[PDB]
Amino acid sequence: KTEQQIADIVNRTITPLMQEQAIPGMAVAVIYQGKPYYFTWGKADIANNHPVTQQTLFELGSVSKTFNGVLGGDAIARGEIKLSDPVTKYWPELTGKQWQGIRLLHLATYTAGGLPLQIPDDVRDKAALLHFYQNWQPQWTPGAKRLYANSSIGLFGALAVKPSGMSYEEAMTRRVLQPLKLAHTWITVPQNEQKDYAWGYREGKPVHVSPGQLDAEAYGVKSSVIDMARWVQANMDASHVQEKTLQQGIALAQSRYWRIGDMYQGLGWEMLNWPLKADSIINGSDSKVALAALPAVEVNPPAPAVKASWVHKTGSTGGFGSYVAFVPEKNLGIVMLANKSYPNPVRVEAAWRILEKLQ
């Protein structure tokens, strides 16, 4: 396929998507036979008429969890943690019986027993966060059910970097971002990059994600389409990542720790066997399913990364909707960055219709 053919497929899918969803600005990168092709439409800033560029920073939302999973897998490869470790090894103040059987594994894969989707917004400092976790009561035994939750994987990332002696952001920067040359990826956007920081739009107003407890670990990364293009290719094939633990941690985040219907829980990343029916991905992304508490079947030992997988993650904030998906077997992938939130089933639809024509 040529650049012309890729562009044609991309634009034929993106332009009506942006019209129907009323998305002001969009950036998309296609990974075709291992190489990136970039596309940009619309405005990053409506009132000030700043266009979207290949330097535009987008709020990744819960795609931030894939960096978490990779940073965590890095910590595993460095021997700093093991997912079988108890949470109290890393936060000993969580005394109290409900935390006794909970391991880093459960926090990482949302199987702790019902940690809630959001950390409550009235939990705004260190004292209240500890009190929140100390006093949370589970609905199931550890590892019974998967319930997707910021408070779960968010805490895993905050604890997994404790051996390193570094904060989450500094560990992330030093161990993942700088080694992969992601120089336009931020947990906090410095002042000299604010001009490239797109505005999300929620009900026609410009907005940026609000500070929250453990936001960095769960939904507070911002990145450009080129950095996310590099992200996808590094996770799809890290054979040329020169840091041995990072290349190993990339792979462990794609190990299959749990099977939940036809999907498998990695570390941040989620996987389905490839090839597959599109309705599986599309229907699975409806929040009626993805936010549901489902029975979790442990894969023990975790199955190593399967190259015939559809590997993906949705991510949203109040004003942004992102999606990343790739298929290692084909060296084929996509990233879709939008400064308006729109339905996950619609993101998956557009991704699949682009990637199905590039097989």
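Throughout, we count residues from 1 along the sequence that is shown.
Higher mean CA temperature factor between 37 to 45 and 59 to 67: 37 to 45, per the PDB entry. Between the stretches 206 to 214 and 108 to 116, it is 206 to 214 that shows the larger average CA temperature factor.
Comparing the C-alpha B-factors of 286, 193, 85, 270 in the entry, the top value falls on 193.
Across 256, 89, 103, 126, the greatest Cα temperature factor reported in the deposited entry is at 126. Annotation for residue 310: C-alpha temperature factor in the lowest third relative to the rest of the modelled chain, per the entry.
Ranked against the other modelled residues of its chain, the C-alpha B-factor of residue 322 as given in the entry falls in the lowest third. In this PDB entry, the Cα temperature factor of residue 336 sits in the bottom third of its chain's modelled residues, the lowest group. In the deposited entry, the Cα temperature factor of residue 239 sits in the top third of values across the chain's modelled residues. For residue 292, the recorded CA B-factor ranks within the middle third of the chain. Only modelled residues enter the ranking.
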